[PDB]
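Worksheet: one structure, shown below.
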Amino acid sequence: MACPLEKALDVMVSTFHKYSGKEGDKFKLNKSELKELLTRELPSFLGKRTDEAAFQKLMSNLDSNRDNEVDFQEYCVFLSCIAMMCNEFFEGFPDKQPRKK
Amino acid sequence: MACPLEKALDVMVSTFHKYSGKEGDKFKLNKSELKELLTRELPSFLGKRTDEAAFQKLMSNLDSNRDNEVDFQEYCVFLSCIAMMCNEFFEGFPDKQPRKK
Amino acid sequence: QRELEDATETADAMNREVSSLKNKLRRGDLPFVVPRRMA
């Protein structure tokens with residue numbers, strides 16, 4: 001197996017250069033770049049059902065400078081916030097209903 | 001191999017719970033928790049060596065409240081601050097252009 | 001499905017500190033840093 005936490009940072013810049021250097025810059029991801037990125041290595045974080053709709057809030061929340069182009073700045077906070085995601089998405093609240101009465 | 005980008009977020013919360021639940025909380029990392037964390041899965045990212053007189057500075061750079069205990073978002077910005085800090089190195093910008101680097 | 005709504009919502013938050021934090025990690029008082037590669 002790989003070095004878990006090491007690969008985290010490694011694949012960040014690795015995958016960062018994978019799908020961004022498709023349309024334009026290798027450090028700049030427009031919608032379609034992130035799209036393919038997530039569809040490939042983050043499909044679990046897409047529910048296997050991501051159109052430009054689920055990506056709308058994604059791109060939006062990433063776009064902190066508000067130009068709609070995820071620079072590395074918007075990218076690191078993309079992933080690190082998916083850490084925080086993955087802790088809730090760990091169980092992923094799959095209809096968790098307790099009965100107190 | 002593992003799912004590169006997937007393991008990134010996965011190991012975030014995974015390793016997050018590994019070394020934190022050593023002294024205190026499983027979502028709270030004091031100096032010694034991050035220490036072992038980095039020594040194990042991020043030894044490459046020590047660049048030279050994580051010392052103890054250095055860790056007082058380290059923790060303080062991963063704690064904007066300075067309680068010597070990294071919270072979840074600070075743990076993850078920690079991560080992205082490694083990745084984003086790696087930008088110039090891994091991408092191929094040897095201190096070239098003080099813009100997006 | 002739209003985890004990225006609640007997930008990377010915080011990205012805009014972390015992003016402001018990230019650029020400052022990644023700056024304090026490279027400040028020089030830090031013991032740890034990214035090597036030329038992943039070494």
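What follows is calculated from the coordinates using simple rules that are stated; it is not laboratory data. All Cβ positions, even for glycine, are placed from backbone atoms using ideal geometry, and neighbour counts span all protein chains on display.
Counting only residues that are in a helix (DSSP H, G or I) and hydroxyl-bearing (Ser, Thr, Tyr), which one in segment B:64-89 is surrounded by the fewest Cβ atoms within 10 Å (Cβ to Cβ)?
Out of the qualifying residues, it is B:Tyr75.
Take the conditions charged (D, E, K, R), surrounded by 16 or more Cβ atoms within 10 Å (Cβ to Cβ) and more than 20 Å from C:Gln1 (Cβ to Cβ) and apply them to A:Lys28. Does it pass?
yes
Regarding B:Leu29, is this residue more than 10 Å from every other protein chain (Cβ to nearest Cβ) and among the hydrophobic types (A, V, I, L, M, F, W, C)?
Taking the combined requirement at face value, the residue satisfies it.
Got at least one residue in segment A:9-19 being within 9 Å of another protein chain (Cβ to nearest Cβ), surrounded by 16 or more Cβ atoms within 10 Å (Cβ to Cβ), more than 18 Å from B:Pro43 (Cα to Cα) and touching a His at 6+ places or on another chain (Cβ under 9 Å)?
The answer is no; no qualifying residue exists.
Go through (1) part of a helix (DSSP H, G or I); (2) touching a residue at least 24 places away in the same chain (Cβ under 8 Å) and name the single condition B:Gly24 misses.
Against the list (1) part of a helix (DSSP H, G or I); (2) touching a residue at least 24 places away in the same chain (Cβ under 8 Å), B:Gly24 comes up short only on (1).
If you check B:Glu41 against the conditions, is it surrounded by 20 or more Cβ atoms within 10 Å (Cβ to Cβ) and touching a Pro at 6+ places or on another chain (Cβ under 8 Å)?
Here the answer is yes, as B:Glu41 does meet what is asked.
Are there any pairs, at least 6 apart or on different chains, whose C-beta atoms fall under 8 Å, with the first in segment A:40-56 and without any contact (Cβ under 8 Å) to a residue 12 or more places away in the chain and the second exposed (fewer than 14 other Cβ atoms within 10 Å of the Cβ), and if so, which?
A:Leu46/C:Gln1; A:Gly47/C:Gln1; A:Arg49/C:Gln1; A:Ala54/A:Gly47; A:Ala54/C:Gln1
Every residue in segment B:66-89 that is more than 10 Å from chain A (Cβ to nearest Cβ), at negative phi and touching a strand residue (DSSP E or B) at 6+ places or on another chain (Cβ under 8 Å), please.
Selection gives B:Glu69, B:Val70.
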